[PDB]
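Have a look at the structure below, then the notes.
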Amino acid sequence: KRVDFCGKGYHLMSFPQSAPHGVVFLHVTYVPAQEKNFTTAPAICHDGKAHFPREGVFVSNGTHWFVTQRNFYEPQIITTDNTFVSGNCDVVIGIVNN
Amino acid sequence: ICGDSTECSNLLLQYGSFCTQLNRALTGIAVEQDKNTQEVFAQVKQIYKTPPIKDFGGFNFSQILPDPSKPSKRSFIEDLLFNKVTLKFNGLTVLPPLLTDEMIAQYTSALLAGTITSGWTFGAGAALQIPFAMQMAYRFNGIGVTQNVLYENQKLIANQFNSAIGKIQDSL
Amino acid sequence: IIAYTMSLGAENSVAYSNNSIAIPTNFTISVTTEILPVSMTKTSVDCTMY
Amino acid sequence: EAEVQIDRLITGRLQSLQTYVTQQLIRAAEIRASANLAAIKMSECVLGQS
Ligand SMILES: *[C@@H]1O[C@H](CO)[C@@H](O[C@@H]2O[C@H](CO)[C@@H](O)[C@H](O)[C@H]2NC(C)=O)[C@H](O)[C@H]1NC(C)=O
Ligand SMILES: *[C@@H]1O[C@H](CO)[C@@H](O[C@@H]2O[C@H](CO)[C@@H](O)[C@H](O)[C@H]2NC(C)=O)[C@H](O)[C@H]1NC(C)=O
Ligand SMILES: *[C@@H]1O[C@H](CO)[C@@H](O[C@@H]2O[C@H](CO)[C@@H](O)[C@H](O)[C@H]2NC(C)=O)[C@H](O)[C@H]1NC(C)=O
Ligand SMILES: *[C@@H]1O[C@H](CO)[C@@H](O[C@@H]2O[C@H](CO)[C@@H](O)[C@H](O)[C@H]2NC(C)=O)[C@H](O)[C@H]1NC(C)=O
Ligand SMILES: *[C@@H]1O[C@H](CO)[C@@H](O[C@@H]2O[C@H](CO)[C@@H](O)[C@H](O)[C@H]2NC(C)=O)[C@H](O)[C@H]1NC(C)=O
Ligand SMILES: *[C@@H]1O[C@H](CO)[C@@H](O[C@@H]2O[C@H](CO)[C@@H](O)[C@H](O)[C@H]2NC(C)=O)[C@H](O)[C@H]1NC(C)=O
């Protein structure tokens with residue numbers, strides 16, 4: 001889990017090979033690519049309550065809002081099961097109605 | 001050991017090749033120094049730049065971001081550190097380092113401006129933009145405190161961070 | 001032969017903003033090497049003969 | 001007989017130079033260890049949460 005220890009990127013696994021006076025590691029790594037642009041917000045107001053994502057992040061392509069995992073694009077409809085509530089939205093800076 | 005004397009050189013000539021290996025060892029450590037610095041600092045592939053307008057959710061990085069006023073473009077704390085410490089006769093020679101202080105400043109500035117804006121994503125691929133207040137929320141979530149805490153205590157946390165960053169200034 | 005000034009690399013300005021994020025949509029898998037010595041030759045010397 | 005004194009000076013200065021070189025080697029090894037630790041810290045703590 002320690003970053004950049006073995007392999008530049010997210011580590012998956014490794015293979016050893018011998019050498020005349022040493023060893024050679026082959027590191028297999030995961031690298032994301034082909035990014036995009038999105039509009040975000042830290043919480044969602046609904047009925048006065050504030051909803052935060054369990055695991056993910058809020059995005060919107062311009063008209064509709066979705067929750068996605070951080071390291072891959074996979075939009076999903078917001079539901080009361082992937083979000084949790086905490087208080088009313090009068091103190092968070094960046095709430096958006098939805 | 002001779003000071004430009006012919007007979008001294010002739011007498012030394014029959015002692016073998018101590019001086020060759022002496023110079024070899026000194027050259028080895030001299031190269032190792034530059035390799036060392038380059039390994040430590042050159043961790044980035046590009047040179048990121050902070051945006052002209054800065055609204056990092058109330059956090060204030062003015063004491064560490066580079067200052068265009070100084071020609072060396074070193075930040076305030078770097079200037080304090082440089083002003084804090086203070087330090088060719090008969091064969092001695094001092095070789096200049098490969099990387100100038102300006103280049104070291106550029107690497108530090110690039111690292112710091114990358115980590116303010118991109119987070120950690122720039123260390124494992126291409127830098128991805130992300131608002132700072134939405135990055136500290138991820139950073140609590142990695143130590144067991146749910147992100148709900150951060151968004152409800154943003155101003156107090158920003159004030160604490162600024163006070164700490166001023167106290168370190170005064171102490172240094 | 002030409003002598004010049006070192007280039008620290010490319011230069012981009014990441015388009016920071018307070019309500020915009022960038023999320024990947026694809027991936028690649030990379031294999032890299034790392035080489036490390038672990039040993040050197042074992043040598044023995046006899047004084048009297050030398 | 002001047003050659004004898006010249007030889008004495010030569011051997012003394014040579015021994016002093018060798019001592020200096022050995023001290024430099026030890027110190028360089030120590031500094032290299034410290035810098036390796038510094039590089040590890042910069043990679044693990046600056047570029048990611050530890
Ligand atoms: C943003 O994404 C949503 C979700 O797909 C788009 O809304 C859909 O648009 C299609 C037409 O392309 C309709 O058939 C669907 O009924 C819409 N709703 C859903 C839930 O899919 C929306 O058009 C996208 N906006 C932009 C600007 O790309
Ligand atoms: C992101 O930054 C923009 C730029 O300032 C903010 O937009 C401002 O919003 C306030 C409302 O409190 C207005 O008074 C300003 O006039 C707006 N600025 C501009 C240039 O229009 C926006 O509020 C910020 N968003 C978040 C979530 O902090
Ligand atoms: C989100 O919805 C809330 C409530 O539906 C809006 O709050 C109202 O805004 C109008 C227009 O300024 C006021 O006349 C009402 O008094 C507000 N009601 C409350 C309870 O505050 C709010 O403006 C909407 N938009 C945002 C960005 O929050
Ligand atoms: C970040 O903190 C610094 C303090 O070092 C602020 O700089 C001060 O700003 C006030 C008001 O403009 C001046 O009266 C002080 O003289 C400044 N201090 C120095 C040392 O120059 C800076 O304004 C803060 N950042 C923001 C965005 O306000
Ligand atoms: C996301 O949007 C930003 C803002 O438009 C893009 O940044 C600009 O991209 C254009 C390319 O046509 C450049 O000419 C500008 O110089 C960029 N702005 C800055 C401040 O550098 C960004 O490219 C978009 N991201 C993606 C993946 O398309
Ligand atoms: C992600 O990238 C891979 C390759 O980097 C894409 O796979 C290629 O798709 C094109 C068009 O279908 C083919 O011509 C290539 O042969 C594919 N490459 C391989 C190695 O099979 C893939 O399509 C990308 N993902 C998306 C969603 O576009």
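Letters A, B, ... go to the chains of the structure tokens in the order shown; residues in each chain start at 1; ligands are counted from 1 in the same order.
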
Enumerate residues in contact with ligand 3: an atom-to-atom distance of at most 10 Å, counting only C-alpha atoms and all ligand atoms. Format the result as a PyMOL selection string. chain A and resi 44-48+89-90+94-98

Residues within 8 Å of ligand 6, counting only C-alpha atoms and all ligand atoms: report them as a VMD selection string. chain C and resid 25 to 28

Exercise answer, 7 Å around ligand 2 with only C-alpha atoms and all ligand atoms, as a PyMOL selection string: (chain A and resi 41+93-94) or (chain B and resi 57) or (chain C and resi 18-19)

Compile the contact shell of segment 1-6 of chain A as JSON, numbers by chain: residues with an atom at most 12 Å away, counting only C-alpha atoms, same-chain residues fewer than 4 positions apart removed. {"A": [10, 11, 12, 13, 14, 15, 24, 25, 26, 27, 28, 29], "B": [43, 120, 121, 122, 123, 124, 125], "C": [31, 32, 33, 34, 35], "D": [39, 40, 41, 42, 43, 44, 45, 46, 47, 48, 49, 50]}

Using C-alpha atoms, can you write the selected residues to a file as a JSON list (two decimals), in the first residue's frame?
[["chain", "number", "residue", "atom", "x", "y", "z"],
["A", 10, "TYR", "CA", -1.13, 1.46, -8.04],
["A", 11, "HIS", "CA", 0.58, -1.83, -7.27],
["A", 12, "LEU", "CA", -0.99, -5.16, -8.22],
["A", 13, "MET", "CA", 1.71, -7.85, -8.01],
["A", 14, "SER", "CA", 5.31, -8.67, -8.85],
["A", 15, "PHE", "CA", 7.55, -11.42, -10.20],
["A", 24, "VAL", "CA", 15.26, -8.37, -10.99],
["A", 25, "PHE", "CA", 11.68, -7.55, -10.04],
["A", 26, "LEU", "CA", 8.92, -7.11, -12.61],
["A", 27, "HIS", "CA", 6.22, -4.91, -11.07],
["A", 28, "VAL", "CA", 2.71, -4.90, -12.54],
["A", 29, "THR", "CA", 0.87, -1.62, -12.01],
["B", 43, "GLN", "CA", 10.13, 13.10, -8.43],
["B", 120, "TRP", "CA", -2.18, 12.43, -4.70],
["B", 121, "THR", "CA", -3.41, 11.54, -8.18],
["B", 122, "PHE", "CA", -0.47, 13.31, -9.81],
["B", 123, "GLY", "CA", 1.93, 10.81, -8.25],
["B", 124, "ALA", "CA", 0.40, 7.86, -10.11],
["B", 125, "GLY", "CA", -0.41, 9.21, -13.55],
["C", 31, "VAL", "CA", 5.12, -3.75, -16.34],
["C", 32, "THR", "CA", 8.36, -2.22, -15.10],
["C", 33, "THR", "CA", 11.73, -3.55, -13.99],
["C", 34, "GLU", "CA", 13.92, -3.00, -10.96],
["C", 35, "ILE", "CA", 17.45, -4.36, -10.62],
["D", 39, "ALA", "CA", 13.72, 10.24, -0.48],
["D", 40, "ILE", "CA", 11.55, 7.48, 0.95],
["D", 41, "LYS", "CA", 9.83, 9.98, 3.26],
["D", 42, "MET", "CA", 9.19, 12.44, 0.44],
["D", 43, "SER", "CA", 7.73, 9.73, -1.76],
["D", 44, "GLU", "CA", 5.53, 8.16, 0.92],
["D", 45, "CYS", "CA", 4.26, 11.23, 2.79],
["D", 46, "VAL", "CA", 4.18, 14.07, 0.25],
["D", 47, "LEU", "CA", 2.74, 12.13, -2.70],
["D", 48, "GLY", "CA", 0.28, 10.19, -0.55],
["D", 49, "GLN", "CA", -1.19, 9.69, 2.88],
["D", 50, "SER", "CA", 0.73, 7.29, 5.11]]

Just want the residues within 10 Å of ligand 5, written as number ranges by chain, counting only C-alpha atoms and all ligand atoms. A: 34-39; B: 49, 51-52, 128-129; C: 12-17, 20-24

Export of the given selection (N, CA and C atoms) as a PDB file, in the first residue's frame:
ATOM      1  N   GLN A  34      -7.505   8.717 -19.882  1.00  0.00           N
ATOM      2  CA  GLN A  34      -8.673   9.244 -20.588  1.00  0.00           C
ATOM      3  C   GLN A  34      -9.668   9.885 -19.616  1.00  0.00           C
ATOM      4  N   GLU A  35      -9.220  10.991 -19.027  1.00  0.00           N
ATOM      5  CA  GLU A  35     -10.010  11.713 -18.043  1.00  0.00           C
ATOM      6  C   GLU A  35     -11.149  12.476 -18.713  1.00  0.00           C
ATOM      7  N   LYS A  36     -11.917  13.191 -17.896  1.00  0.00           N
ATOM      8  CA  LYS A  36     -13.038  13.992 -18.366  1.00  0.00           C
ATOM      9  C   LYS A  36     -13.202  15.187 -17.433  1.00  0.00           C
ATOM     10  N   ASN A  37     -14.237  15.985 -17.674  1.00  0.00           N
ATOM     11  CA  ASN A  37     -14.515  17.174 -16.883  1.00  0.00           C
ATOM     12  C   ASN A  37     -15.902  17.054 -16.277  1.00  0.00           C
ATOM     13  N   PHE A  38     -16.040  17.446 -15.014  1.00  0.00           N
ATOM     14  CA  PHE A  38     -17.328  17.327 -14.351  1.00  0.00           C
ATOM     15  C   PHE A  38     -17.485  18.428 -13.317  1.00  0.00           C
ATOM     16  N   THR A  39     -18.736  18.673 -12.940  1.00  0.00           N
ATOM     17  CA  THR A  39     -19.091  19.636 -11.910  1.00  0.00           C
ATOM     18  C   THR A  39     -19.494  18.877 -10.657  1.00  0.00           C
TER      19      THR A  39
ATOM     20  N   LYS B  49       1.776  24.530 -12.172  1.00  0.00           N
ATOM     21  CA  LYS B  49       1.698  25.927 -11.781  1.00  0.00           C
ATOM     22  C   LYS B  49       0.407  26.176 -11.023  1.00  0.00           C
ATOM     23  N   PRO B  51      -2.851  28.248  -9.902  1.00  0.00           N
ATOM     24  CA  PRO B  51      -3.691  29.183 -10.643  1.00  0.00           C
ATOM     25  C   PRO B  51      -3.502  30.598 -10.133  1.00  0.00           C
ATOM     26  N   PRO B  52      -3.750  31.606 -10.972  1.00  0.00           N
ATOM     27  CA  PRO B  52      -3.595  32.993 -10.507  1.00  0.00           C
ATOM     28  C   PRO B  52      -4.515  33.358  -9.357  1.00  0.00           C
ATOM     29  N   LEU B 128      -5.073  15.254 -11.652  1.00  0.00           N
ATOM     30  CA  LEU B 128      -6.503  15.481 -11.774  1.00  0.00           C
ATOM     31  C   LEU B 128      -6.939  16.564 -10.801  1.00  0.00           C
ATOM     32  N   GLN B 129      -7.651  17.548 -11.328  1.00  0.00           N
ATOM     33  CA  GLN B 129      -8.159  18.651 -10.530  1.00  0.00           C
ATOM     34  C   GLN B 129      -9.198  18.175  -9.521  1.00  0.00           C
TER      35      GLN B 129
ATOM     36  N   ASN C  12       2.845  22.659 -17.505  1.00  0.00           N
ATOM     37  CA  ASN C  12       1.410  22.825 -17.665  1.00  0.00           C
ATOM     38  C   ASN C  12       0.833  23.529 -16.449  1.00  0.00           C
ATOM     39  N   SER C  13      -0.304  24.178 -16.644  1.00  0.00           N
ATOM     40  CA  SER C  13      -1.041  24.820 -15.565  1.00  0.00           C
ATOM     41  C   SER C  13      -2.342  24.057 -15.386  1.00  0.00           C
ATOM     42  N   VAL C  14      -2.418  23.255 -14.324  1.00  0.00           N
ATOM     43  CA  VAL C  14      -3.637  22.509 -14.055  1.00  0.00           C
ATOM     44  C   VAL C  14      -4.772  23.482 -13.772  1.00  0.00           C
ATOM     45  N   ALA C  15      -5.923  23.233 -14.393  1.00  0.00           N
ATOM     46  CA  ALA C  15      -7.010  24.207 -14.426  1.00  0.00           C
ATOM     47  C   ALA C  15      -7.839  24.093 -13.153  1.00  0.00           C
ATOM     48  N   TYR C  16      -7.235  24.495 -12.042  1.00  0.00           N
ATOM     49  CA  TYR C  16      -7.903  24.382 -10.755  1.00  0.00           C
ATOM     50  C   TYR C  16      -9.155  25.244 -10.709  1.00  0.00           C
ATOM     51  N   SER C  17     -10.181  24.730 -10.044  1.00  0.00           N
ATOM     52  CA  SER C  17     -11.395  25.480  -9.776  1.00  0.00           C
ATOM     53  C   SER C  17     -12.063  24.843  -8.573  1.00  0.00           C
ATOM     54  N   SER C  20     -15.033  21.770  -9.806  1.00  0.00           N
ATOM     55  CA  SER C  20     -14.798  20.948 -10.982  1.00  0.00           C
ATOM     56  C   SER C  20     -13.814  19.841 -10.653  1.00  0.00           C
ATOM     57  N   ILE C  21     -14.093  18.635 -11.154  1.00  0.00           N
ATOM     58  CA  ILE C  21     -13.240  17.479 -10.926  1.00  0.00           C
ATOM     59  C   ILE C  21     -13.025  16.757 -12.245  1.00  0.00           C
ATOM     60  N   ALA C  22     -11.980  15.937 -12.279  1.00  0.00           N
ATOM     61  CA  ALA C  22     -11.642  15.124 -13.438  1.00  0.00           C
ATOM     62  C   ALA C  22     -11.552  13.672 -13.002  1.00  0.00           C
ATOM     63  N   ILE C  23     -12.292  12.800 -13.678  1.00  0.00           N
ATOM     64  CA  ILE C  23     -12.423  11.400 -13.300  1.00  0.00           C
ATOM     65  C   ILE C  23     -11.992  10.547 -14.483  1.00  0.00           C
ATOM     66  N   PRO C  24     -11.119   9.563 -14.295  1.00  0.00           N
ATOM     67  CA  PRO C  24     -10.695   8.725 -15.419  1.00  0.00           C
ATOM     68  C   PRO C  24     -11.834   7.871 -15.943  1.00  0.00           C
TER      69      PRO C  24
END

Contacts with ligand 4 at most 8 Å, only C-alpha atoms and all ligand atoms counted, listed as a VMD selection string: chain B and resid 54 to 55 58 60 to 63 162 166

Emit the selected residues as an mmCIF file, in the first residue's frame, including N, CA and C atoms.
data_model
loop_
_atom_site.group_PDB
_atom_site.id
_atom_site.type_symbol
_atom_site.label_atom_id
_atom_site.label_comp_id
_atom_site.auth_asym_id
_atom_site.auth_seq_id
_atom_site.Cartn_x
_atom_site.Cartn_y
_atom_site.Cartn_z
ATOM 1 N N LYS B 54 -6.730 32.268 -6.044
ATOM 2 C CA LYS B 54 -6.563 31.251 -5.014
ATOM 3 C C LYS B 54 -7.682 31.380 -3.989
ATOM 4 N N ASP B 55 -8.569 30.387 -3.953
ATOM 5 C CA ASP B 55 -9.602 30.271 -2.925
ATOM 6 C C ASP B 55 -9.622 28.813 -2.480
ATOM 7 N N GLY B 58 -10.496 28.703 2.441
ATOM 8 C CA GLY B 58 -10.094 29.443 3.616
ATOM 9 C C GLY B 58 -8.679 29.173 4.073
ATOM 10 N N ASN B 60 -4.692 29.221 3.941
ATOM 11 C CA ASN B 60 -3.815 30.305 3.511
ATOM 12 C C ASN B 60 -2.395 29.771 3.390
ATOM 13 N N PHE B 61 -1.913 29.642 2.155
ATOM 14 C CA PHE B 61 -0.579 29.128 1.884
ATOM 15 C C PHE B 61 0.398 30.222 1.484
ATOM 16 N N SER B 62 0.110 31.476 1.826
ATOM 17 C CA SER B 62 0.952 32.572 1.370
ATOM 18 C C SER B 62 2.372 32.486 1.903
ATOM 19 N N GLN B 63 2.590 31.796 3.016
ATOM 20 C CA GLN B 63 3.921 31.743 3.597
ATOM 21 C C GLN B 63 4.827 30.719 2.933
ATOM 22 N N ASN B 162 -4.085 28.007 10.027
ATOM 23 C CA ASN B 162 -3.397 29.283 9.853
ATOM 24 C C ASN B 162 -2.609 29.666 11.101
ATOM 25 N N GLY B 166 1.465 30.184 11.359
ATOM 26 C CA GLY B 166 2.101 31.404 11.821
ATOM 27 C C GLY B 166 3.052 31.152 12.975
#
